[PDB]
>>> print(open('protein.pdb').read())   # PDB, C-alpha atoms
ATOM      1  CA  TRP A1385      12.175  13.487 -18.674  1.00  0.00           C
ATOM      2  CA  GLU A1386       9.302  14.021 -16.234  1.00  0.00           C
ATOM      3  CA  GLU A1387       6.665  14.161 -18.970  1.00  0.00           C
ATOM      4  CA  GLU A1388       7.949  10.764 -20.077  1.00  0.00           C
ATOM      5  CA  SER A1389       8.412   9.138 -16.678  1.00  0.00           C
ATOM      6  CA  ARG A1390       5.354  10.309 -14.717  1.00  0.00           C
ATOM      7  CA  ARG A1391       3.348   8.079 -17.032  1.00  0.00           C
ATOM      8  CA  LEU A1392       5.584   5.163 -15.969  1.00  0.00           C
ATOM      9  CA  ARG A1393       5.435   5.958 -12.228  1.00  0.00           C
ATOM     10  CA  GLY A1394       2.985   5.942  -9.371  1.00  0.00           C
ATOM     11  CA  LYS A1395       0.350   8.508 -10.256  1.00  0.00           C
ATOM     12  CA  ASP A1396       0.897  10.282  -6.906  1.00  0.00           C
ATOM     13  CA  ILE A1397       4.705  10.399  -7.273  1.00  0.00           C
ATOM     14  CA  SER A1398       6.377  13.692  -8.228  1.00  0.00           C
ATOM     15  CA  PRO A1399      10.154  13.354  -8.715  1.00  0.00           C
ATOM     16  CA  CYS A1400      12.397  15.913  -7.060  1.00  0.00           C
ATOM     17  CA  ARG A1401      13.976  18.651  -9.188  1.00  0.00           C
ATOM     18  CA  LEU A1402      17.423  19.974  -8.262  1.00  0.00           C
ATOM     19  CA  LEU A1403      20.110  21.814 -10.253  1.00  0.00           C
ATOM     20  CA  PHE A1404      23.564  23.335  -9.700  1.00  0.00           C
ATOM     21  CA  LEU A1405      25.813  26.227 -10.608  1.00  0.00           C
ATOM     22  CA  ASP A1406      29.438  26.970  -9.732  1.00  0.00           C
ATOM     23  CA  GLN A1407      30.750  30.539  -9.617  1.00  0.00           C
ATOM     24  CA  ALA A1408      27.230  31.806  -8.989  1.00  0.00           C
ATOM     25  CA  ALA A1409      28.673  35.335  -8.705  1.00  0.00           C
ATOM     26  CA  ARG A1410      28.270  35.599 -12.473  1.00  0.00           C
ATOM     27  CA  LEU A1411      24.670  36.271 -11.391  1.00  0.00           C
ATOM     28  CA  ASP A1412      23.495  39.664 -10.129  1.00  0.00           C
ATOM     29  CA  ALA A1413      20.476  40.747  -8.079  1.00  0.00           C
ATOM     30  CA  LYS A1414      17.962  40.731 -10.945  1.00  0.00           C
ATOM     31  CA  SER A1415      19.441  37.479 -12.247  1.00  0.00           C
ATOM     32  CA  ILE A1416      18.903  35.884  -8.838  1.00  0.00           C
ATOM     33  CA  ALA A1417      15.374  37.247  -8.544  1.00  0.00           C
ATOM     34  CA  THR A1418      14.196  36.011 -11.939  1.00  0.00           C
ATOM     35  CA  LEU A1419      15.881  32.634 -11.534  1.00  0.00           C
ATOM     36  CA  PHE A1420      14.124  32.172  -8.196  1.00  0.00           C
ATOM     37  CA  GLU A1421      10.854  33.266  -9.811  1.00  0.00           C
ATOM     38  CA  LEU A1422      11.042  30.585 -12.478  1.00  0.00           C
ATOM     39  CA  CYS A1423      12.539  28.022 -10.085  1.00  0.00           C
ATOM     40  CA  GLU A1424       9.586  28.369  -7.715  1.00  0.00           C
ATOM     41  CA  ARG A1425       7.165  28.363 -10.641  1.00  0.00           C
ATOM     42  CA  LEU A1426       8.728  25.002 -11.536  1.00  0.00           C
ATOM     43  CA  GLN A1427       8.963  23.767  -7.911  1.00  0.00           C
ATOM     44  CA  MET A1428      12.674  23.056  -8.332  1.00  0.00           C
ATOM     45  CA  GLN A1429      15.735  23.243  -6.071  1.00  0.00           C
ATOM     46  CA  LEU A1430      18.980  25.155  -6.595  1.00  0.00           C
ATOM     47  CA  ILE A1431      22.505  24.498  -5.379  1.00  0.00           C
ATOM     48  CA  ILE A1432      24.142  27.683  -6.644  1.00  0.00           C
ATOM     49  CA  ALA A1433      27.466  28.630  -5.151  1.00  0.00           C
TER      50      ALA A1433
ATOM     51  CA  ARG B 199      25.517  15.554 -18.789  1.00  0.00           C
ATOM     52  CA  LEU B 200      22.537  17.378 -17.320  1.00  0.00           C
ATOM     53  CA  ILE B 201      24.587  17.648 -14.117  1.00  0.00           C
ATOM     54  CA  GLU B 202      27.816  18.982 -15.597  1.00  0.00           C
ATOM     55  CA  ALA B 203      26.025  21.308 -18.017  1.00  0.00           C
ATOM     56  CA  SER B 204      24.136  22.857 -15.108  1.00  0.00           C
ATOM     57  CA  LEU B 205      27.373  23.033 -13.118  1.00  0.00           C
ATOM     58  CA  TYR B 206      29.026  24.909 -16.001  1.00  0.00           C
ATOM     59  CA  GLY B 207      25.918  26.340 -17.628  1.00  0.00           C
ATOM     60  CA  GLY B 208      25.399  29.469 -19.659  1.00  0.00           C
ATOM     61  CA  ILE B 209      25.570  30.019 -23.395  1.00  0.00           C
ATOM     62  CA  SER B 210      29.368  30.439 -23.594  1.00  0.00           C
ATOM     63  CA  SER B 211      30.141  26.803 -22.851  1.00  0.00           C
ATOM     64  CA  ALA B 212      30.338  23.466 -24.640  1.00  0.00           C
ATOM     65  CA  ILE B 213      26.686  22.993 -23.589  1.00  0.00           C
ATOM     66  CA  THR B 214      25.459  25.172 -26.456  1.00  0.00           C
ATOM     67  CA  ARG B 215      27.022  22.764 -28.985  1.00  0.00           C
ATOM     68  CA  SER B 216      26.667  19.436 -27.171  1.00  0.00           C
ATOM     69  CA  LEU B 217      22.949  20.265 -27.120  1.00  0.00           C
ATOM     70  CA  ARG B 218      22.595  17.852 -30.028  1.00  0.00           C
ATOM     71  CA  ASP B 219      23.954  15.177 -27.680  1.00  0.00           C
ATOM     72  CA  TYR B 220      22.172  16.059 -24.465  1.00  0.00           C
ATOM     73  CA  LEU B 221      18.724  16.614 -25.993  1.00  0.00           C
ATOM     74  CA  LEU B 222      18.602  13.892 -28.614  1.00  0.00           C
ATOM     75  CA  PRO B 223      18.419  10.081 -28.620  1.00  0.00           C
ATOM     76  CA  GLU B 224      20.959   7.828 -30.288  1.00  0.00           C
ATOM     77  CA  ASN B 225      19.260   6.071 -33.214  1.00  0.00           C
ATOM     78  CA  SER B 226      20.092   2.403 -33.731  1.00  0.00           C
ATOM     79  CA  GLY B 227      18.200   2.291 -37.024  1.00  0.00           C
ATOM     80  CA  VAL B 228      20.668   4.484 -38.893  1.00  0.00           C
ATOM     81  CA  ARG B 229      23.548   2.590 -37.299  1.00  0.00           C
ATOM     82  CA  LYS B 230      22.139  -0.696 -38.611  1.00  0.00           C
ATOM     83  CA  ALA B 231      21.428   0.783 -42.044  1.00  0.00           C
ATOM     84  CA  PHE B 232      25.015   1.992 -42.295  1.00  0.00           C
ATOM     85  CA  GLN B 233      26.267  -1.458 -41.332  1.00  0.00           C
ATOM     86  CA  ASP B 234      24.102  -2.975 -44.063  1.00  0.00           C
ATOM     87  CA  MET B 235      25.549  -0.541 -46.576  1.00  0.00           C
ATOM     88  CA  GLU B 236      28.983  -1.529 -45.349  1.00  0.00           C
ATOM     89  CA  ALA B 237      28.215  -5.193 -45.976  1.00  0.00           C
ATOM     90  CA  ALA B 238      26.935  -4.414 -49.463  1.00  0.00           C
ATOM     91  CA  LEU B 239      30.079  -2.428 -50.231  1.00  0.00           C
ATOM     92  CA  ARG B 240      32.284  -5.197 -48.856  1.00  0.00           C
ATOM     93  CA  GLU B 241      30.665  -7.721 -51.164  1.00  0.00           C
ATOM     94  CA  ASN B 242      30.976  -5.342 -54.097  1.00  0.00           C
ATOM     95  CA  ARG B 243      34.670  -4.844 -53.369  1.00  0.00           C
ATOM     96  CA  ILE B 244      35.267  -8.577 -53.052  1.00  0.00           C
ATOM     97  CA  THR B 245      33.573  -9.220 -56.377  1.00  0.00           C
ATOM     98  CA  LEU B 246      35.488  -6.430 -58.098  1.00  0.00           C
ATOM     99  CA  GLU B 247      38.850  -7.619 -56.830  1.00  0.00           C
TER     100      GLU B 247
ATOM    101  CA  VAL C 644      14.659 -22.050 -63.901  1.00  0.00           C
ATOM    102  CA  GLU C 645      16.683 -23.774 -61.198  1.00  0.00           C
ATOM    103  CA  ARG C 646      18.796 -20.672 -60.651  1.00  0.00           C
ATOM    104  CA  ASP C 647      15.705 -18.487 -60.405  1.00  0.00           C
ATOM    105  CA  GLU C 648      14.117 -20.866 -57.918  1.00  0.00           C
ATOM    106  CA  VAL C 649      17.239 -20.748 -55.764  1.00  0.00           C
ATOM    107  CA  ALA C 650      17.223 -16.957 -56.031  1.00  0.00           C
ATOM    108  CA  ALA C 651      13.647 -16.856 -54.768  1.00  0.00           C
ATOM    109  CA  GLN C 652      14.629 -19.107 -51.875  1.00  0.00           C
ATOM    110  CA  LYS C 653      17.557 -16.859 -50.995  1.00  0.00           C
ATOM    111  CA  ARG C 654      15.373 -13.760 -51.188  1.00  0.00           C
ATOM    112  CA  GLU C 655      12.899 -15.299 -48.759  1.00  0.00           C
ATOM    113  CA  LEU C 656      15.719 -16.335 -46.441  1.00  0.00           C
ATOM    114  CA  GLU C 657      17.252 -12.859 -46.428  1.00  0.00           C
ATOM    115  CA  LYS C 658      13.912 -11.172 -45.830  1.00  0.00           C
ATOM    116  CA  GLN C 659      13.168 -13.463 -42.909  1.00  0.00           C
ATOM    117  CA  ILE C 660      16.648 -13.026 -41.428  1.00  0.00           C
ATOM    118  CA  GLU C 661      15.930  -9.312 -41.507  1.00  0.00           C
ATOM    119  CA  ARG C 662      12.595 -10.038 -39.832  1.00  0.00           C
ATOM    120  CA  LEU C 663      14.557 -11.641 -36.987  1.00  0.00           C
ATOM    121  CA  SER C 664      17.309  -9.038 -36.981  1.00  0.00           C
ATOM    122  CA  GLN C 665      16.770  -6.021 -34.727  1.00  0.00           C
ATOM    123  CA  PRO C 666      16.422  -4.536 -32.190  1.00  0.00           C
ATOM    124  CA  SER C 667      14.313  -6.775 -30.019  1.00  0.00           C
ATOM    125  CA  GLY C 668      11.524  -8.832 -31.413  1.00  0.00           C
ATOM    126  CA  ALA C 669      11.014  -8.604 -35.150  1.00  0.00           C
ATOM    127  CA  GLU C 670      11.816  -5.029 -36.161  1.00  0.00           C
ATOM    128  CA  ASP C 671      12.016  -1.389 -35.159  1.00  0.00           C
ATOM    129  CA  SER C 672       8.717  -0.121 -36.562  1.00  0.00           C
ATOM    130  CA  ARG C 673       5.329   1.096 -35.325  1.00  0.00           C
ATOM    131  CA  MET C 674       5.588  -1.448 -32.508  1.00  0.00           C
ATOM    132  CA  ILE C 675       8.907  -0.082 -31.239  1.00  0.00           C
ATOM    133  CA  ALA C 676       7.569   3.362 -32.114  1.00  0.00           C
ATOM    134  CA  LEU C 677       4.842   2.983 -29.487  1.00  0.00           C
ATOM    135  CA  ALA C 678       7.632   2.730 -26.919  1.00  0.00           C
ATOM    136  CA  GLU C 679       7.849   6.524 -27.341  1.00  0.00           C
ATOM    137  CA  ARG C 680       4.445   7.399 -28.802  1.00  0.00           C
ATOM    138  CA  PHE C 681       3.564   6.263 -25.300  1.00  0.00           C
ATOM    139  CA  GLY C 682       5.429   4.202 -22.723  1.00  0.00           C
ATOM    140  CA  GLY C 683       4.709   1.175 -24.879  1.00  0.00           C
ATOM    141  CA  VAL C 684       7.555  -1.209 -24.125  1.00  0.00           C
ATOM    142  CA  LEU C 685       7.516  -4.315 -26.304  1.00  0.00           C
ATOM    143  CA  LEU C 686       6.213  -7.450 -24.603  1.00  0.00           C
ATOM    144  CA  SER C 687       8.851  -9.609 -26.270  1.00  0.00           C
ATOM    145  CA  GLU C 688      11.579  -7.273 -25.043  1.00  0.00           C
ATOM    146  CA  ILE C 689       9.910  -7.328 -21.625  1.00  0.00           C
ATOM    147  CA  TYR C 690      10.803 -11.037 -21.657  1.00  0.00           C
ATOM    148  CA  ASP C 691      14.020 -10.628 -23.627  1.00  0.00           C
ATOM    149  CA  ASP C 692      16.035 -13.120 -21.548  1.00  0.00           C
ATOM    150  CA  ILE C 693      13.272 -15.729 -21.424  1.00  0.00           C
ATOM    151  CA  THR C 694      14.691 -19.215 -21.078  1.00  0.00           C
ATOM    152  CA  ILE C 695      14.448 -21.247 -24.261  1.00  0.00           C
ATOM    153  CA  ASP C 696      12.271 -23.741 -22.388  1.00  0.00           C
ATOM    154  CA  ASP C 697       9.722 -21.166 -21.204  1.00  0.00           C
ATOM    155  CA  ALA C 698       9.933 -19.274 -24.503  1.00  0.00           C
ATOM    156  CA  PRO C 699       7.560 -21.765 -26.201  1.00  0.00           C
ATOM    157  CA  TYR C 700       5.114 -21.508 -23.303  1.00  0.00           C
ATOM    158  CA  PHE C 701       5.514 -17.733 -23.239  1.00  0.00           C
ATOM    159  CA  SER C 702       4.840 -17.593 -26.966  1.00  0.00           C
ATOM    160  CA  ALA C 703       1.810 -19.875 -26.831  1.00  0.00           C
ATOM    161  CA  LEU C 704       0.300 -17.965 -23.912  1.00  0.00           C
ATOM    162  CA  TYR C 705       0.914 -14.522 -25.378  1.00  0.00           C
ATOM    163  CA  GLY C 706      -0.608 -15.711 -28.644  1.00  0.00           C
ATOM    164  CA  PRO C 707      -0.596 -13.132 -31.408  1.00  0.00           C
ATOM    165  CA  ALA C 708      -0.162 -10.631 -28.569  1.00  0.00           C
ATOM    166  CA  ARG C 709       3.264 -12.288 -28.355  1.00  0.00           C
ATOM    167  CA  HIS C 710       4.361  -9.147 -30.201  1.00  0.00           C
ATOM    168  CA  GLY C 711       2.077  -7.000 -28.057  1.00  0.00           C
ATOM    169  CA  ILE C 712       3.096  -3.843 -26.228  1.00  0.00           C
ATOM    170  CA  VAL C 713       2.728  -3.162 -22.497  1.00  0.00           C
ATOM    171  CA  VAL C 714       1.311   0.280 -21.708  1.00  0.00           C
ATOM    172  CA  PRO C 715       0.164   0.987 -18.102  1.00  0.00           C
ATOM    173  CA  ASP C 716      -2.718   2.951 -19.636  1.00  0.00           C
ATOM    174  CA  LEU C 717      -4.557   2.159 -22.860  1.00  0.00           C
ATOM    175  CA  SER C 718      -7.217   4.750 -22.267  1.00  0.00           C
ATOM    176  CA  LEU C 719      -4.186   7.018 -22.699  1.00  0.00           C
ATOM    177  CA  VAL C 720      -3.348   5.679 -26.160  1.00  0.00           C
ATOM    178  CA  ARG C 721      -6.899   6.646 -27.202  1.00  0.00           C
ATOM    179  CA  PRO C 722      -6.077  10.252 -28.204  1.00  0.00           C
ATOM    180  CA  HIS C 723      -3.381   9.103 -30.640  1.00  0.00           C
ATOM    181  CA  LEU C 724      -5.217   5.980 -31.832  1.00  0.00           C
ATOM    182  CA  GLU C 725      -6.762   7.867 -34.754  1.00  0.00           C
ATOM    183  CA  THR C 726      -3.234   8.505 -36.048  1.00  0.00           C
ATOM    184  CA  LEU C 727      -2.509   4.802 -36.584  1.00  0.00           C
ATOM    185  CA  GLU C 728      -3.412   4.115 -40.178  1.00  0.00           C
ATOM    186  CA  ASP C 729       0.207   3.155 -40.946  1.00  0.00           C
ATOM    187  CA  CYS C 730       0.345   0.365 -38.379  1.00  0.00           C
ATOM    188  CA  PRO C 731       0.278  -3.423 -38.578  1.00  0.00           C
ATOM    189  CA  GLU C 732      -3.275  -4.142 -39.626  1.00  0.00           C
ATOM    190  CA  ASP C 733      -4.063  -5.439 -36.149  1.00  0.00           C
ATOM    191  CA  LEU C 734      -2.101  -4.120 -33.151  1.00  0.00           C
ATOM    192  CA  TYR C 735      -1.891  -5.309 -29.511  1.00  0.00           C
ATOM    193  CA  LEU C 736      -1.789  -2.997 -26.469  1.00  0.00           C
ATOM    194  CA  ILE C 737      -1.534  -4.131 -22.823  1.00  0.00           C
ATOM    195  CA  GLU C 738      -1.927  -2.488 -19.405  1.00  0.00           C
ATOM    196  CA  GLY C 739       0.696  -2.854 -16.714  1.00  0.00           C
ATOM    197  CA  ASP C 740       3.996  -1.706 -15.289  1.00  0.00           C
ATOM    198  CA  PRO C 741       6.510  -2.660 -18.010  1.00  0.00           C
TER     199      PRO C 741
END
>>> encode(input="protein.pdb", output="structure tokens")
Amino acid sequence: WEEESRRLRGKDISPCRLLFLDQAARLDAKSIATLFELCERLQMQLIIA
Amino acid sequence: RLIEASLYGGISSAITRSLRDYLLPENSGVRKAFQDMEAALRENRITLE
Amino acid sequence: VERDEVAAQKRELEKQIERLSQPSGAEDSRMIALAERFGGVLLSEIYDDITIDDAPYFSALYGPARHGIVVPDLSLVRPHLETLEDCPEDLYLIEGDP
């Protein structure tokens, strides 16, 4: 979606990135760590509960 | 769909099948082609009857 | 001979009706394809709801580019331009926010 749209947007505009998860306890410590790794690498926000 | 799939993500969910929905565009060309076939068949049926 | 003449007329009529059929403008082909090859929205679609009275002026102004495609960047179409051998022999591209 971003690859498509950034062409059709102001060249200095970077849309926000935010995701969700319910019952986040299905994650464990390593799960959390790696997800945060990749999330930061992609400059994205989490709402994981 | 992005929203709800993230909310209920993971492999063991409808997400893994409704991929073909969430990832892919709906093609009007095939829709139109099918309608044209339908018209052809309708005319054939009318003639045969 | 008369029947064959009428058949030719009908064939032309059907072909042209198709030419006016879908989805916006003439057809879904290379021109509509550029809407995803790049952000090439069709000019005619970009004025889809043009009033019938301005539509002649719009058409005359846009000239053959009437069927042109608006693309905020046409330096950006450059990398893919070499791909377009299967394209209408002569293809319009425009710069601006569709």
>>> closest_atom_pairs(input="protein.pdb", of="chain A", to="chain B", cutoff="9 Å", atoms="only C-alpha atoms", output="CSV")
residue,atom,partner,partner_atom,distance
A:1403,CA,B:204,CA,6.4
A:1404,CA,B:205,CA,5.1
A:1405,CA,B:205,CA,4.4
A:1406,CA,B:205,CA,5.6
A:1407,CA,B:206,CA,8.7
A:1432,CA,B:205,CA,8.6
>>> closest_atom_pairs(input="protein.pdb", of="chain B", to="chain C", cutoff="9 Å", atoms="all atoms listed in the file", output="Markdown table")
| residue | atom | partner | partner_atom | distance |
| --- | --- | --- | --- | --- |
| B:226 | CA | C:666 | CA | 8.0 |
| B:227 | CA | C:671 | CA | 7.4 |
| B:230 | CA | C:665 | CA | 8.5 |
>>> closest_residue(input="protein.pdb", among="C:725, C:663, C:731, C:668", to="residue C:691", atoms="only C-alpha atoms")
C:668
>>> residues_near_point(input="protein.pdb", point="(19.2, 23.6, -5.0)", cutoff="6 Å", atoms="all atoms listed in the file", output="list in words")
residues 1402, 1403, 1429, 1430 and 1431 of chain A
>>> write_last_selection(input="protein.pdb", atoms="C-alpha atoms", output="JSON list (two decimals), keeping the file's coordinate frame")
[["chain", "number", "residue", "atom", "x", "y", "z"],
["A", 1402, "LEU", "CA", 17.42, 19.97, -8.26],
["A", 1403, "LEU", "CA", 20.11, 21.81, -10.25],
["A", 1429, "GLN", "CA", 15.74, 23.24, -6.07],
["A", 1430, "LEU", "CA", 18.98, 25.16, -6.60],
["A", 1431, "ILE", "CA", 22.50, 24.50, -5.38]]
>>> closest_residue(input="protein.pdb", among="C:660, C:649, C:737, C:674", to="residue C:716", atoms="only C-alpha atoms")
C:737
>>> interface_residues(input="protein.pdb", of="chain A", to="chain C", cutoff="9 Å", atoms="only C-alpha atoms", output="number ranges by chain")
A: 1388-1389, 1391-1393
>>> write_last_selection(input="protein.pdb", atoms="C-alpha atoms", output="PDB file, in the frame of the given file")
ATOM      1  CA  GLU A1388       7.949  10.764 -20.077  1.00  0.00           C
ATOM      2  CA  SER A1389       8.412   9.138 -16.678  1.00  0.00           C
ATOM      3  CA  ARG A1391       3.348   8.079 -17.032  1.00  0.00           C
ATOM      4  CA  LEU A1392       5.584   5.163 -15.969  1.00  0.00           C
ATOM      5  CA  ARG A1393       5.435   5.958 -12.228  1.00  0.00           C
TER       6      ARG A1393
END
>>> atom_distance(input="protein.pdb", atom1="atom CA of residue C:706", atom2="atom CA of residue C:733")
13.2 Å
>>> residues_around(input="protein.pdb", residues="stretch 1419-1427 of chain A", least_positions_apart="3", cutoff="10 Å", atoms="all atoms listed in the file", output="PyMOL selection string")
chain A and resi 1400-1403+1411+1413-1416+1430
>>> atom_distance(input="protein.pdb", atom1="atom CA of residue C:721", atom2="atom CA of residue C:676")
15.6 Å
>>> atom_distance(input="protein.pdb", atom1="atom CA of residue C:713", atom2="atom CA of residue B:222")
24.1 Å
>>> build_atoms(input="protein.pdb", residues="stretch 687-699 of chain C", atoms="N, CA, C and O atoms", output="compact mmCIF listing (two decimals), in the frame of the given file")
# COMPACT_ATOMS: atom_id res chain seq x y z
N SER C 687 7.77 -8.67 -26.03
CA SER C 687 8.85 -9.61 -26.27
C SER C 687 10.15 -9.12 -25.65
O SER C 687 10.88 -9.92 -25.05
N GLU C 688 10.44 -7.83 -25.76
CA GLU C 688 11.58 -7.27 -25.04
C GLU C 688 11.40 -7.43 -23.54
O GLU C 688 12.36 -7.74 -22.82
N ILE C 689 10.18 -7.21 -23.05
CA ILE C 689 9.91 -7.33 -21.62
C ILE C 689 10.23 -8.72 -21.11
O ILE C 689 10.40 -8.91 -19.90
N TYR C 690 10.33 -9.70 -22.00
CA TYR C 690 10.80 -11.04 -21.66
C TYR C 690 11.98 -11.41 -22.54
O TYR C 690 12.10 -12.54 -23.03
N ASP C 691 12.87 -10.44 -22.75
CA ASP C 691 14.02 -10.63 -23.63
C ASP C 691 14.82 -11.88 -23.27
O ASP C 691 15.11 -12.71 -24.14
N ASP C 692 15.17 -12.04 -21.99
CA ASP C 692 16.04 -13.12 -21.55
C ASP C 692 15.25 -14.36 -21.14
O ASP C 692 15.72 -15.16 -20.32
N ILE C 693 14.05 -14.53 -21.70
CA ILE C 693 13.27 -15.73 -21.42
C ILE C 693 14.11 -16.96 -21.72
O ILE C 693 14.81 -17.04 -22.74
N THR C 694 14.03 -17.94 -20.83
CA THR C 694 14.69 -19.22 -21.08
C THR C 694 14.08 -19.88 -22.30
O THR C 694 12.88 -19.77 -22.56
N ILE C 695 14.92 -20.58 -23.06
CA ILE C 695 14.45 -21.25 -24.26
C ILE C 695 13.33 -22.22 -23.95
O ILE C 695 12.49 -22.49 -24.81
N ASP C 696 13.30 -22.77 -22.74
CA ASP C 696 12.27 -23.74 -22.39
C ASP C 696 10.94 -23.07 -22.09
O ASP C 696 9.88 -23.61 -22.46
N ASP C 697 10.95 -21.91 -21.44
CA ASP C 697 9.72 -21.17 -21.20
C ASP C 697 9.29 -20.38 -22.43
O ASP C 697 8.10 -20.10 -22.60
N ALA C 698 10.24 -20.03 -23.29
CA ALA C 698 9.93 -19.27 -24.50
C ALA C 698 8.80 -19.89 -25.31
O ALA C 698 7.94 -19.15 -25.79
N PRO C 699 8.75 -21.21 -25.53
CA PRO C 699 7.56 -21.76 -26.20
C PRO C 699 6.28 -21.55 -25.42
O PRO C 699 5.26 -21.18 -26.01
